[PDB]
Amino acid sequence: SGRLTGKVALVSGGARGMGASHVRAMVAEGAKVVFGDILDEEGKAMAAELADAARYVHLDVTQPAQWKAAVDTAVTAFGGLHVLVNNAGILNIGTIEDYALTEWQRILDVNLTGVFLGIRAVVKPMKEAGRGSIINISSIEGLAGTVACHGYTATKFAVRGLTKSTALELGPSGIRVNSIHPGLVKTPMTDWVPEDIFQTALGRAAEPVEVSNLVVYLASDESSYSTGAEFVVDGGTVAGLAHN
């Protein structure tokens, strides 16, 4: 409570799912949040309940002009920008043969290029403020592979790597960059998937707030000495070997 007081955050894909949960969790901790998405109806809806501590903006992470608009909104409406949560992303599947090249390009644009564009857009205000925290949402699919999940796996691994190179470059400016790797979380992106698809040590899927707690920790100054690192919140899946 009051752990993010004075912090301004930008969250991509915050109209629903984990993104929405992150917005709510950060506001509850005293932060001012600008969240963007492409689902304007839902976005404006919850922008109404968070009232004056949040602002919704239309943001297609593949459009650099929209990223700039999102950043300008944060800076002029709240005075600055200290946190970026690259959460927007999509999921598509398909075996090597019947996986469309267009789906491949689409997921690269959103899941990878979108994350890169967000980082380019927030460095200026963060460098001026001399402090900042960028949180990239990857997944355990960015740690190991899965059948018929080539585009998703490739981009989640890429986001993991992009996190490291940018962390090294921005470190001297006081900006931290870390990646979060969650396992199965109950959201509209995976409501069609059985909750026990992964072998976990805790024996259950995660509630979105459980990932949000990690977002708050990484956004706060409590995690001041962690940068370029992978934070896993998967209930123990990648900690064990695949058995039958």
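One rule holds for the numbers: they count along the sequence shown, beginning at 1.
For the pair 162-170 and 122-130, the mean B factor over Cα atoms is greater in 122-130.
Looking at 44-52 and 204-212 together, the entry lists the larger mean B-factor for 44-52, computed on C-alpha atoms. Each of 180, 219, 177, 197 has a CA temperature factor in the record; the biggest one is found at 197. Placement of the Cα temperature factor of residue 25 within the chain: middle third of the modelled residues, per the deposited record. Split the chain's modelled residues into thirds by C-alpha temperature factor. Residue 78 is in the middle one. When all modelled residues of the chain are sorted by CA temperature factor, residue 99 is found within the highest third.
Looking at the C-alpha B-factors along this chain, the one for residue 238 belongs to the lowest third. Among the modelled residues of its chain, residue 109 has a C-alpha B-factor that falls in the middle third according to the deposited record.
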